[PDB]
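Q: Have a look at this one before I ask anything.
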Amino acid sequence: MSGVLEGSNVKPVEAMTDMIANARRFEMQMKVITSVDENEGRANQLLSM
Amino acid sequence: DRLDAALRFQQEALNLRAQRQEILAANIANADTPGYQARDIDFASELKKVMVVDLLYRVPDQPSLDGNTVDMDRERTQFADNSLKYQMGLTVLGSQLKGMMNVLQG
């Protein structure tokens, strides 16, 4: 068809849901990292005889 | 010498404990080297062999991506145990030497 230009197909609902899910997943992974680090910090005293 | 035969077992046990302590500390130090295998010795068999070293690979527990099989918890417990047994061997050897001494003092 002549006289019409096609735009993008970026769905905003999908983008918003993806951002929410990404933020929540990032926070969960940061919490896991903190837990593991604290556990190793507590565990690295056994070596004291 | 007869004096060596009495103190041979404890001296060999003490030396083997020191060697295994060095091996465990090497395992701890190289924890971050990718591709490093955790090595250890079987204390009883080597003690038989010396009284009458070969390094054995540790069986990995968790598969890492960089090929490092060193586990923190297992070797930390083994390190503490080896330290305790080294102290016990020192205590036993010192007691034997002190007894041999008080036999002579007079």
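Letters A, B, ... go to the chains of the structure tokens in the order shown; residues in each chain start at 1; ligands are counted from 1 in the same order.
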Hey, list the chain A side of the contact with chain B: 9 Å cut-off, only C-alpha atoms, answer as a PDB file with N, CA and C atoms, in the first residue's frame.
A:
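Ended up saving to selection.pdb:
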ATOM      1  N   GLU A  40      29.375 -17.487  54.611  1.00  0.00           N
ATOM      2  CA  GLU A  40      30.808 -17.748  54.489  1.00  0.00           C
ATOM      3  C   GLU A  40      31.609 -16.968  55.522  1.00  0.00           C
ATOM      4  N   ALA A  43      31.392 -18.901  58.560  1.00  0.00           N
ATOM      5  CA  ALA A  43      32.029 -20.212  58.457  1.00  0.00           C
ATOM      6  C   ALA A  43      33.546 -20.110  58.515  1.00  0.00           C
ATOM      7  N   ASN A  44      34.122 -18.950  58.148  1.00  0.00           N
ATOM      8  CA  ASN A  44      35.610 -18.780  58.070  1.00  0.00           C
ATOM      9  C   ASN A  44      36.262 -18.503  59.430  1.00  0.00           C
ATOM     10  N   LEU A  46      36.047 -21.289  61.838  1.00  0.00           N
ATOM     11  CA  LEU A  46      36.394 -22.689  62.178  1.00  0.00           C
ATOM     12  C   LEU A  46      37.905 -22.863  62.098  1.00  0.00           C
ATOM     13  N   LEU A  47      38.553 -22.238  61.108  1.00  0.00           N
ATOM     14  CA  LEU A  47      39.973 -22.503  60.930  1.00  0.00           C
ATOM     15  C   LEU A  47      40.806 -22.134  62.149  1.00  0.00           C
ATOM     16  N   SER A  48      40.208 -21.527  63.175  1.00  0.00           N
ATOM     17  CA  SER A  48      40.950 -21.096  64.360  1.00  0.00           C
ATOM     18  C   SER A  48      41.111 -22.294  65.287  1.00  0.00           C
ATOM     19  N   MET A  49      42.000 -23.207  64.902  1.00  0.00           N
ATOM     20  CA  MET A  49      42.290 -24.431  65.659  1.00  0.00           C
ATOM     21  C   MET A  49      41.106 -25.336  65.951  1.00  0.00           C
TER      22      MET A  49
END
Q: Which of chain B counts as helix (DSSP H, G or I) under DSSP, as an MDAnalysis selection string please?
A: chainID B and resid 2:29 43:51 72:104
Q: Skipping near chain neighbours, those fewer than 5 positions away, what residues fall within 12 Å of residue 100 in chain B using only C-alpha atoms, listed as a PyMOL selection string?
A: chain B and resi 3+6-7+93-95+105
Q: Which residues are near range 10-18 of chain B? Cut-off 8 Å, only C-alpha atoms, ignore same chain within fewer than 4 positions. Put them as number ranges by chain.
A: B: 22, 43, 46-47, 50-51, 82, 85-86, 89-90, 92-93
Q: May I have the residues from that selection written out with N, CA and C atoms, as a PDB file, in the first residue's frame?
A:
ATOM      1  N   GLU B  22      50.058 -29.066  55.355  1.00  0.00           N
ATOM      2  CA  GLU B  22      50.517 -28.274  54.221  1.00  0.00           C
ATOM      3  C   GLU B  22      49.658 -28.508  52.986  1.00  0.00           C
ATOM      4  N   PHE B  43      45.867 -40.831  55.336  1.00  0.00           N
ATOM      5  CA  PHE B  43      46.818 -40.774  56.441  1.00  0.00           C
ATOM      6  C   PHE B  43      47.245 -42.160  56.910  1.00  0.00           C
ATOM      7  N   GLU B  46      49.611 -44.170  54.311  1.00  0.00           N
ATOM      8  CA  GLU B  46      50.950 -43.597  54.256  1.00  0.00           C
ATOM      9  C   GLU B  46      51.696 -43.804  55.567  1.00  0.00           C
ATOM     10  N   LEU B  47      50.979 -43.809  56.695  1.00  0.00           N
ATOM     11  CA  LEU B  47      51.635 -44.090  57.968  1.00  0.00           C
ATOM     12  C   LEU B  47      52.131 -45.532  58.025  1.00  0.00           C
ATOM     13  N   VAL B  50      55.335 -45.559  55.732  1.00  0.00           N
ATOM     14  CA  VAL B  50      56.539 -44.984  56.326  1.00  0.00           C
ATOM     15  C   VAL B  50      57.033 -45.847  57.482  1.00  0.00           C
ATOM     16  N   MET B  51      56.116 -46.379  58.297  1.00  0.00           N
ATOM     17  CA  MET B  51      56.545 -47.182  59.439  1.00  0.00           C
ATOM     18  C   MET B  51      57.169 -48.503  59.006  1.00  0.00           C
ATOM     19  N   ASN B  82      43.095 -31.793  61.500  1.00  0.00           N
ATOM     20  CA  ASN B  82      44.528 -32.037  61.402  1.00  0.00           C
ATOM     21  C   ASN B  82      45.301 -31.206  62.412  1.00  0.00           C
ATOM     22  N   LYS B  85      44.889 -33.019  65.719  1.00  0.00           N
ATOM     23  CA  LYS B  85      45.673 -34.248  65.794  1.00  0.00           C
ATOM     24  C   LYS B  85      47.166 -33.960  65.874  1.00  0.00           C
ATOM     25  N   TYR B  86      47.630 -32.889  65.227  1.00  0.00           N
ATOM     26  CA  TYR B  86      49.023 -32.479  65.377  1.00  0.00           C
ATOM     27  C   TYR B  86      49.324 -32.095  66.819  1.00  0.00           C
ATOM     28  N   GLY B  89      49.503 -35.348  68.840  1.00  0.00           N
ATOM     29  CA  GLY B  89      50.774 -36.016  68.630  1.00  0.00           C
ATOM     30  C   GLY B  89      51.918 -35.337  69.350  1.00  0.00           C
ATOM     31  N   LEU B  90      51.940 -34.000  69.339  1.00  0.00           N
ATOM     32  CA  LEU B  90      52.943 -33.278  70.115  1.00  0.00           C
ATOM     33  C   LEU B  90      52.831 -33.612  71.596  1.00  0.00           C
ATOM     34  N   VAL B  92      51.587 -36.363  73.022  1.00  0.00           N
ATOM     35  CA  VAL B  92      51.992 -37.740  73.299  1.00  0.00           C
ATOM     36  C   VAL B  92      53.510 -37.878  73.230  1.00  0.00           C
ATOM     37  N   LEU B  93      54.127 -37.296  72.197  1.00  0.00           N
ATOM     38  CA  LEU B  93      55.578 -37.375  72.070  1.00  0.00           C
ATOM     39  C   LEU B  93      56.280 -36.678  73.230  1.00  0.00           C
TER      40      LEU B  93
END
